[PDB]
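Novice: Quick one: this structure, given as C-alpha coordinates, is what I'll be asking you about.
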Amino acid sequence: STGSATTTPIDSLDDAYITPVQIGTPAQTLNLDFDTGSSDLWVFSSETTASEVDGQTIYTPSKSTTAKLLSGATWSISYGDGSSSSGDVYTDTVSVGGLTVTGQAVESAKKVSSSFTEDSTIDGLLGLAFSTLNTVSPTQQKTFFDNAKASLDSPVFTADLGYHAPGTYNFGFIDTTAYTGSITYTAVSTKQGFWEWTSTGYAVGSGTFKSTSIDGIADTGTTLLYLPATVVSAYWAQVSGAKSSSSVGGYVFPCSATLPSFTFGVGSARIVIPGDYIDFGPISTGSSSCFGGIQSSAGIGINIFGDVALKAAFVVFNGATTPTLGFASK
(Lines of atoms letter the chains of each structure in order from A and count residues from 1; the text may use other names and numbers.)
(Lines give C-alpha, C1' and ligand atoms only; values in the text may rest on other atoms or scores of the structure.)
Protein backbone atom coordinates (compact mmCIF):
# COMPACT_ATOMS: atom_id res chain seq x y z
CA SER A 1 0.00 0.00 0.00
CA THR A 2 0.91 3.68 -0.24
CA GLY A 3 -0.46 7.02 0.85
CA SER A 4 0.07 10.57 -0.37
CA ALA A 5 -1.25 13.73 1.28
CA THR A 6 -0.69 17.42 0.67
CA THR A 7 0.73 19.42 3.58
CA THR A 8 -0.06 23.14 3.72
CA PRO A 9 1.62 25.98 5.66
CA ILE A 10 -0.62 27.31 8.40
CA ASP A 11 0.38 30.93 7.77
CA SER A 12 2.45 33.19 5.51
CA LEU A 13 5.65 32.43 7.49
CA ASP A 14 5.47 28.62 7.27
CA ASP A 15 5.29 28.49 11.08
CA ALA A 16 4.00 24.90 10.77
CA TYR A 17 2.32 22.67 8.21
CA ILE A 18 -1.02 20.85 8.43
CA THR A 19 -2.04 17.65 6.66
CA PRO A 20 -5.64 16.35 6.52
CA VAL A 21 -6.18 13.06 8.34
CA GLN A 22 -9.34 10.96 8.32
CA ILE A 23 -10.25 9.51 11.72
CA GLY A 24 -13.14 7.17 12.49
CA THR A 25 -16.26 5.90 10.70
CA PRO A 26 -17.76 7.91 9.13
CA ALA A 27 -14.55 9.80 8.58
CA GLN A 28 -13.87 12.90 10.65
CA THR A 29 -11.18 14.95 8.93
CA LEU A 30 -8.79 16.84 11.18
CA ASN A 31 -5.79 18.87 10.08
CA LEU A 32 -2.78 17.55 11.95
CA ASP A 33 0.80 18.71 12.38
CA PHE A 34 2.97 15.81 11.21
CA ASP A 35 5.87 15.81 13.68
CA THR A 36 8.95 13.67 13.09
CA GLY A 37 10.20 14.86 16.49
CA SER A 38 7.49 13.18 18.57
CA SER A 39 5.55 9.95 18.65
CA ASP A 40 1.96 10.67 19.75
CA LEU A 41 -1.08 11.07 17.51
CA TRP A 42 -3.27 13.34 19.60
CA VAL A 43 -6.30 15.40 18.67
CA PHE A 44 -8.57 18.10 19.96
CA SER A 45 -11.76 16.30 20.84
CA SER A 46 -15.23 16.37 22.36
CA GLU A 47 -13.40 15.68 25.66
CA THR A 48 -11.18 18.76 25.48
CA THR A 49 -11.90 21.36 28.15
CA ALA A 50 -14.28 23.69 26.35
CA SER A 51 -12.45 26.90 27.29
CA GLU A 52 -9.30 25.46 25.68
CA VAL A 53 -10.95 24.97 22.27
CA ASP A 54 -10.94 28.06 20.04
CA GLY A 55 -11.77 27.24 16.43
CA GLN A 56 -10.16 23.80 16.08
CA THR A 57 -11.97 20.89 14.52
CA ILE A 58 -12.61 18.18 17.10
CA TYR A 59 -12.72 14.41 17.01
CA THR A 60 -15.88 13.05 18.61
CA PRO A 61 -15.28 9.35 19.32
CA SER A 62 -18.92 8.69 20.26
CA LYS A 63 -19.85 9.44 16.63
CA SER A 64 -17.38 6.88 15.25
CA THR A 65 -18.67 3.33 15.00
CA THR A 66 -15.07 2.04 14.96
CA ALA A 67 -13.81 3.96 18.00
CA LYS A 68 -13.02 1.94 21.10
CA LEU A 69 -11.83 3.31 24.42
CA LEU A 70 -8.39 1.96 25.29
CA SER A 71 -9.28 1.11 28.87
CA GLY A 72 -7.06 2.68 31.49
CA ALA A 73 -4.72 4.36 29.00
CA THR A 74 -3.67 7.98 29.51
CA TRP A 75 -1.14 10.22 27.84
CA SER A 76 0.71 13.41 28.67
CA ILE A 77 3.32 15.19 26.60
CA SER A 78 5.50 18.28 26.86
CA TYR A 79 7.21 19.75 23.83
CA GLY A 80 10.50 21.57 23.40
CA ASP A 81 8.66 24.89 23.05
CA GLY A 82 7.08 24.46 26.49
CA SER A 83 3.63 23.50 25.19
CA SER A 84 1.81 20.43 26.44
CA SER A 85 -1.35 18.34 26.28
CA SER A 86 -2.83 15.27 27.94
CA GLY A 87 -5.85 13.00 27.94
CA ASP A 88 -7.18 9.51 27.35
CA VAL A 89 -6.92 7.12 24.40
CA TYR A 90 -9.15 5.50 21.80
CA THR A 91 -8.27 3.12 19.02
CA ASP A 92 -9.86 3.91 15.68
CA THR A 93 -9.33 3.79 11.95
CA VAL A 94 -6.97 6.49 10.69
CA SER A 95 -6.26 7.21 7.03
CA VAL A 96 -3.65 9.55 5.53
CA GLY A 97 -3.73 10.21 1.81
CA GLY A 98 -5.46 6.90 1.05
CA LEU A 99 -3.39 4.76 3.43
CA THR A 100 -5.49 3.22 6.21
CA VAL A 101 -4.46 1.87 9.61
CA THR A 102 -7.02 0.07 11.74
CA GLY A 103 -6.60 0.05 15.50
CA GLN A 104 -4.49 3.20 15.58
CA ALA A 105 -4.13 4.81 18.99
CA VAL A 106 -5.86 8.21 18.78
CA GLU A 107 -4.98 10.23 21.87
CA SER A 108 -7.93 12.42 22.82
CA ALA A 109 -6.97 15.64 24.55
CA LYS A 110 -8.68 16.52 27.78
CA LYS A 111 -6.25 19.44 28.35
CA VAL A 112 -4.08 21.48 26.00
CA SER A 113 -1.74 24.35 26.82
CA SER A 114 -2.45 27.91 25.75
CA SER A 115 -0.32 27.80 22.60
CA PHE A 116 -2.45 24.98 21.18
CA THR A 117 -5.70 26.78 22.03
CA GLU A 118 -4.38 29.96 20.43
CA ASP A 119 -3.61 28.23 17.12
CA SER A 120 -6.99 27.54 15.52
CA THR A 121 -5.37 25.94 12.44
CA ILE A 122 -3.86 22.88 14.17
CA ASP A 123 -6.30 20.18 15.28
CA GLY A 124 -3.60 17.97 16.78
CA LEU A 125 -0.28 16.28 16.05
CA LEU A 126 0.65 13.08 14.24
CA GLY A 127 3.99 11.90 15.54
CA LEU A 128 6.47 10.21 13.23
CA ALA A 129 9.48 9.73 15.50
CA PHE A 130 10.17 6.28 16.94
CA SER A 131 7.45 4.61 19.00
CA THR A 132 9.80 4.38 21.99
CA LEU A 133 8.92 8.06 22.65
CA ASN A 134 5.15 7.47 22.73
CA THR A 135 3.74 8.72 26.03
CA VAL A 136 0.73 6.39 26.43
CA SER A 137 0.68 4.68 29.82
CA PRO A 138 0.58 1.97 31.03
CA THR A 139 0.84 0.39 27.56
CA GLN A 140 2.95 2.35 25.09
CA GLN A 141 1.38 2.73 21.64
CA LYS A 142 2.82 2.67 18.14
CA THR A 143 2.92 5.55 15.67
CA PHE A 144 0.86 5.61 12.49
CA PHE A 145 4.00 4.84 10.47
CA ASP A 146 4.96 1.93 12.73
CA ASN A 147 1.46 0.48 12.38
CA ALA A 148 1.42 0.94 8.61
CA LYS A 149 5.01 -0.08 7.86
CA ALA A 150 4.49 -3.79 7.22
CA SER A 151 1.73 -3.03 4.69
CA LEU A 152 3.67 -0.36 2.78
CA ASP A 153 5.28 -1.18 -0.55
CA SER A 154 8.56 0.10 0.97
CA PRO A 155 9.02 0.89 4.71
CA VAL A 156 9.55 4.62 4.18
CA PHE A 157 7.85 7.96 4.32
CA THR A 158 8.99 11.18 2.69
CA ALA A 159 8.66 14.84 3.61
CA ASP A 160 8.58 17.41 0.80
CA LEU A 161 7.75 20.68 2.56
CA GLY A 162 7.13 23.78 0.49
CA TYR A 163 8.47 27.28 0.95
CA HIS A 164 5.42 29.51 1.22
CA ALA A 165 3.57 26.79 -0.67
CA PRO A 166 2.01 23.35 -0.20
CA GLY A 167 4.10 20.20 -0.23
CA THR A 168 3.63 16.47 0.22
CA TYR A 169 3.98 13.61 2.72
CA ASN A 170 4.21 10.24 0.96
CA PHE A 171 4.08 6.84 2.66
CA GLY A 172 5.40 3.66 1.15
CA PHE A 173 7.15 5.00 -1.94
CA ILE A 174 9.74 7.50 -3.16
CA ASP A 175 8.45 9.86 -5.86
CA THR A 176 11.44 10.08 -8.20
CA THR A 177 9.90 13.13 -9.93
CA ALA A 178 9.92 15.16 -6.70
CA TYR A 179 13.67 15.82 -6.42
CA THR A 180 16.73 16.63 -8.53
CA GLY A 181 19.94 14.67 -8.66
CA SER A 182 20.32 11.73 -6.31
CA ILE A 183 19.26 11.04 -2.73
CA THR A 184 22.20 10.89 -0.31
CA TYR A 185 21.53 8.56 2.60
CA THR A 186 23.10 9.01 6.01
CA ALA A 187 23.15 6.99 9.22
CA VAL A 188 20.53 7.42 11.94
CA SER A 189 20.78 6.83 15.67
CA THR A 190 17.50 5.86 17.30
CA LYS A 191 18.99 5.90 20.82
CA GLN A 192 17.04 9.07 21.78
CA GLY A 193 13.92 8.08 19.84
CA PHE A 194 14.54 10.67 17.11
CA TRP A 195 15.64 10.69 13.47
CA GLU A 196 19.08 11.67 14.70
CA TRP A 197 21.92 12.03 12.20
CA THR A 198 25.24 13.83 11.74
CA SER A 199 25.64 16.63 9.22
CA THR A 200 29.11 16.90 7.72
CA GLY A 201 29.34 20.67 7.99
CA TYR A 202 28.10 23.98 6.67
CA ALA A 203 28.72 27.07 4.59
CA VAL A 204 27.39 30.62 4.86
CA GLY A 205 26.39 32.20 1.57
CA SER A 206 29.13 31.84 -1.03
CA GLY A 207 31.71 31.11 1.68
CA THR A 208 33.87 28.04 1.93
CA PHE A 209 32.44 24.87 3.37
CA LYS A 210 33.51 24.07 6.94
CA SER A 211 33.85 20.34 7.52
CA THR A 212 32.58 19.64 11.01
CA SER A 213 30.26 17.04 12.47
CA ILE A 214 26.89 18.38 13.65
CA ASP A 215 24.66 15.85 15.38
CA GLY A 216 21.00 16.76 15.22
CA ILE A 217 17.46 15.62 14.55
CA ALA A 218 15.28 15.88 11.46
CA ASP A 219 12.16 17.40 13.04
CA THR A 220 9.24 18.47 10.85
CA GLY A 221 7.45 19.72 13.96
CA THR A 222 10.00 22.44 14.73
CA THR A 223 9.80 25.61 12.63
CA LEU A 224 13.39 26.84 12.74
CA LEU A 225 16.94 25.53 12.33
CA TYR A 226 18.72 25.26 15.70
CA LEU A 227 22.50 24.81 15.49
CA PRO A 228 25.57 25.32 17.70
CA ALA A 229 26.24 28.90 18.79
CA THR A 230 29.52 29.00 16.82
CA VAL A 231 27.74 28.14 13.55
CA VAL A 232 24.86 30.53 14.19
CA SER A 233 27.23 33.38 15.07
CA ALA A 234 29.15 32.78 11.82
CA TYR A 235 25.89 32.99 9.86
CA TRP A 236 24.53 36.18 11.44
CA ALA A 237 27.92 37.90 11.29
CA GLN A 238 27.29 38.11 7.54
CA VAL A 239 24.10 40.17 8.01
CA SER A 240 24.69 43.85 8.74
CA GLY A 241 22.94 44.86 11.93
CA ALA A 242 22.02 41.35 13.04
CA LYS A 243 22.28 40.70 16.75
CA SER A 244 21.21 38.25 19.40
CA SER A 245 18.42 39.81 21.48
CA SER A 246 17.80 38.35 24.93
CA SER A 247 14.52 40.27 25.15
CA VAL A 248 13.24 38.90 21.85
CA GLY A 249 14.70 35.42 22.44
CA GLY A 250 17.13 34.98 19.56
CA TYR A 251 18.85 36.56 16.60
CA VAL A 252 17.02 39.44 14.95
CA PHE A 253 18.08 41.34 11.86
CA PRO A 254 17.01 44.47 9.95
CA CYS A 255 13.96 43.67 7.87
CA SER A 256 15.66 45.64 5.07
CA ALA A 257 18.43 43.02 4.82
CA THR A 258 19.01 40.49 2.07
CA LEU A 259 19.90 37.25 3.86
CA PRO A 260 22.66 34.90 2.66
CA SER A 261 21.95 31.27 2.02
CA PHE A 262 23.00 28.55 4.43
CA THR A 263 24.37 25.21 3.23
CA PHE A 264 24.49 22.00 5.29
CA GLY A 265 26.34 18.80 4.47
CA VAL A 266 24.77 15.39 4.06
CA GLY A 267 27.73 13.13 3.50
CA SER A 268 29.54 14.55 0.50
CA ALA A 269 26.30 16.20 -0.69
CA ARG A 270 25.13 19.73 0.06
CA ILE A 271 21.65 21.15 0.72
CA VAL A 272 21.33 24.90 0.15
CA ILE A 273 18.78 26.85 2.19
CA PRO A 274 18.07 30.09 0.28
CA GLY A 275 18.35 33.23 2.34
CA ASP A 276 14.65 34.04 2.03
CA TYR A 277 13.82 30.82 3.89
CA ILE A 278 15.59 32.29 6.95
CA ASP A 279 13.35 35.38 7.20
CA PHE A 280 10.57 34.97 9.77
CA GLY A 281 9.34 38.51 9.51
CA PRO A 282 8.81 41.35 11.94
CA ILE A 283 9.20 40.47 15.61
CA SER A 284 5.93 42.33 16.24
CA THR A 285 3.46 43.83 13.83
CA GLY A 286 4.97 46.83 12.07
CA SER A 287 8.47 46.40 13.48
CA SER A 288 11.50 46.79 11.23
CA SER A 289 13.33 44.15 13.29
CA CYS A 290 12.86 40.68 11.81
CA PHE A 291 13.24 37.28 13.47
CA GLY A 292 15.91 34.94 12.18
CA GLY A 293 15.22 31.41 11.07
CA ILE A 294 18.60 30.07 12.22
CA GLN A 295 18.94 30.14 16.00
CA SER A 296 21.29 28.78 18.62
CA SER A 297 20.60 25.34 20.08
CA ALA A 298 22.80 26.10 23.10
CA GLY A 299 19.80 26.21 25.45
CA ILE A 300 18.10 23.09 24.04
CA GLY A 301 20.58 20.25 24.43
CA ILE A 302 20.23 19.05 20.83
CA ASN A 303 20.58 20.51 17.36
CA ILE A 304 17.33 20.57 15.38
CA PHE A 305 17.06 20.48 11.59
CA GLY A 306 13.57 21.91 11.58
CA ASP A 307 11.37 23.08 8.74
CA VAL A 308 13.75 25.86 7.64
CA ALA A 309 16.27 23.14 6.74
CA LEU A 310 13.96 20.32 5.72
CA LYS A 311 11.89 22.39 3.29
CA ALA A 312 15.05 22.97 1.22
CA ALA A 313 15.19 19.21 0.59
CA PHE A 314 13.29 16.12 -0.33
CA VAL A 315 13.73 14.00 2.79
CA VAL A 316 13.40 10.22 3.04
CA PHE A 317 12.63 8.74 6.46
CA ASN A 318 13.74 5.16 5.85
CA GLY A 319 12.19 2.84 8.45
CA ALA A 320 14.02 -0.29 7.34
CA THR A 321 15.40 -2.62 10.01
CA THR A 322 18.33 -0.23 10.30
CA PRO A 323 16.73 3.20 9.77
CA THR A 324 18.47 5.84 7.69
CA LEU A 325 17.73 9.33 6.39
CA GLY A 326 17.98 10.48 2.80
CA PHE A 327 18.26 14.05 1.51
CA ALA A 328 17.96 15.30 -2.05
CA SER A 329 17.89 18.75 -3.53
CA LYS A 330 14.71 19.70 -5.32
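We're sticking with Swiss-Prot numbering for chain A, so the shown stretch reads 90-419, in order.
Just so it is clear, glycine is given a Cβ too, placed from its N, Cα and C backbone atoms.
Pasting the feature list from Swiss-Prot:
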type: DOMAIN; residues: 106-417; note: domain 'Peptidase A1'
type: ACT_SITE; residues: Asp124; note: active site
type: ACT_SITE; residues: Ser288; note: active site
type: DISULFID; residues: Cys344-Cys379; note: disulfide bond
Novice: Pop the Cα-Cα gap between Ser288 (active site) and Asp124 (active site) into the table, whole Å please.
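Specialist: The separation of the Cα atoms works out to 20 Å.
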Novice: Among all protein chains shown, how many Cβ atoms are found within 10 Å of the Cβ of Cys379 (disulfide bond), not counting that one?
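Specialist: There are 22 such Cβ atoms around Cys379 (disulfide bond).
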Novice: Taking the Cβ of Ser288 (active site) as centre, how many other Cβ atoms lie within 10 Å?
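Specialist: Other Cβ atoms found within 10 Å: 22.
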Novice: Specify the secondary structure state of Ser288 (active site) as given by DSSP, simplified to three classes.
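Specialist: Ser288 (active site) sits in a strand per DSSP.
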Novice: Hey, which of the recorded positions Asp124, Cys344 is the loneliest by Cβ count within 10 Å?
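Specialist: Counting other Cβ atoms within 10 Å of each of the recorded positions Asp124, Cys344 gives the minimum at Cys344.
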Novice: If you measure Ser288 (active site) to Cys344 (disulfide bond) at Cα, how many Å is it?
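Specialist: Just about 29 Å between their Cα atoms.
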